[PDB]
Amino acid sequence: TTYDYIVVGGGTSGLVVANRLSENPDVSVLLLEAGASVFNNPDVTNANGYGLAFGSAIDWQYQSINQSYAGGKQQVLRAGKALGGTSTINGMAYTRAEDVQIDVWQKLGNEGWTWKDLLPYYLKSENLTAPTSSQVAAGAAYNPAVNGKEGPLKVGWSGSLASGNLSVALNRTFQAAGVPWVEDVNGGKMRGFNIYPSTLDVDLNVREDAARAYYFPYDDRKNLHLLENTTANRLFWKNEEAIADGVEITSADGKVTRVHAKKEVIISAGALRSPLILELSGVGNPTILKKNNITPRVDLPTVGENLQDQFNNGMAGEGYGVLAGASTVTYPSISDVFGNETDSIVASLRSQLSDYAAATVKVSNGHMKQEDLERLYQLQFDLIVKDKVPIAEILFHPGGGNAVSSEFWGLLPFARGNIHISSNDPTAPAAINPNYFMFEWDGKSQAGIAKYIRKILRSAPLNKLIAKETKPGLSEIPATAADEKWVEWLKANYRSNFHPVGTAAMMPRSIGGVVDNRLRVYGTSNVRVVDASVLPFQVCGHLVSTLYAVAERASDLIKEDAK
């Protein structure tokens, strides 16, 4: 029951760390995973199975508090309970981030974290299957210079991919609206329309989750150990800067035991669990810890703060006939969405930034300083307004038969919330509050994006295919309706976009960070967080690509520190 490294959470990020640290045959690694294999789970393996696993035994189905700035309801925040984590239940889209938005990580004080520092690790993680000519005819494309050829994560396009009326029409309609087709959204400039690749083993025609990528091909390594169906409760400490001695675990039979780490404990339980594990271990806000019958070990009160999530809405149209083709993504900038209204939207946002920052201070009861929040919000504002990073993701796909479905989300809302333990019982549900719709921009941008989608459906040449909008439809929201009617409908119908970051944010400790630029938790010698918790801001694209790259990079930092 002693190992060099214990990796808590056999998920998207954790499996990368366990894979890379176990490359040294003299280093022993223990993975702790609450779930089990999903190698044979048909809701997981099906390349066309997104959504099948929702609400099943492999979905944690975490519950938020009532969202008082939105519709007042509790929202589910889905997450994978499985070897492979959330990569087993996700939408399989493989898209990255805007170069300048990774560069901001260094601007905020994280030395060595820029697009060019992370780029080799995106490449290291990936093995892209080049598209066939029929896939190229459907619009599949890539830039060879920005895609890896030999990494564990297989990426590619469906063998079923075929050009069809809907995707040809969407491409032409966006181009006419001034949004160009881009060959690859993964080279650091994401704006455009694209037939995006997926985390797919194209030869096997199965979802390429993190366990199929980083675990099963390597599972006979004698130095790589898995304890599945096993829940990590908390870390325990050597008897000053805190030195983790190991992890306390509960097995399937309910027995509580200890496993010991000789070098480090890496916490990779996801953004909605890693901060809870810290809190249960005494690392966090001492007032919250003492209220919940925990003895504080490290006074780090921003654990669980700076939670940032996006929210997703859906729209739909009906064709005159059957619609087919590629699934598309569009990443429009603020001016693509707002056109002539852009300057007005920008001025309104500019005028509110300081007030947003003031309101966010209260969320943490002042454990983030107003001045630091204003600095962070100014960086996000500049990315939106000056660098013109995409403000939305819009997916369009055939919905079956004559249906076209769109799913979309604002990428850079300003609302921050938090997650905290609700007791010292490791099984108790956390208090999770993303504060969806807290700030005017967050809903106003969402409404702008929805109106833009309505306009695209009615624009040539796509309009020749589309009989009418069906969701919301013109009866529910007439085209003469004010913006507030859009915001009301979006509030009533959104879901979490399941993209939470920031709950153990990488920032300097003086401005409220939880981990340093080597992902080590402040106040500890040998504890790291390596998962979405550490991203200090949202990214424009889909999270796994960046989380794999971050975990690949962390693995090198861990190896260096061991030498």
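The numbering used is simple: start at 1 and walk along the sequence shown.
- According to the entry, the stretch of the deposited sequence that connects residue 340 to residue 341 contains no residue lacking coordinates, so the chain runs unbroken between them.
- Stretch comparison (75-83 versus 182-190) by mean CA B-factor in the PDB entry places 182-190 on top.
- As the entry records it, the average C-alpha temperature factor is higher for 23-31, out of 23-31 and 493-501.
- Comparing C-alpha B-factors across 442, 407, 103, 241 in the deposited entry, the largest value falls on 241.
- Within the listed group 397, 212, 154, 124, the record reports its top CA B-factor for 397.
- In the PDB entry, residue 348 places in the highest third of its chain by CA B-factor.
- Compared with the other modelled residues of the chain, the Cα B-factor recorded for residue 513 ranks in the lowest third.
- Ranked by C-alpha B-factor against the other modelled residues of its chain, residue 313 falls in the lowest third.
- Annotation for residue 534: C-alpha temperature factor in the lowest third relative to the rest of the modelled chain, per the entry.
- Among all modelled residues in its chain, residue 217 ranks in the middle third by Cα B-factor.
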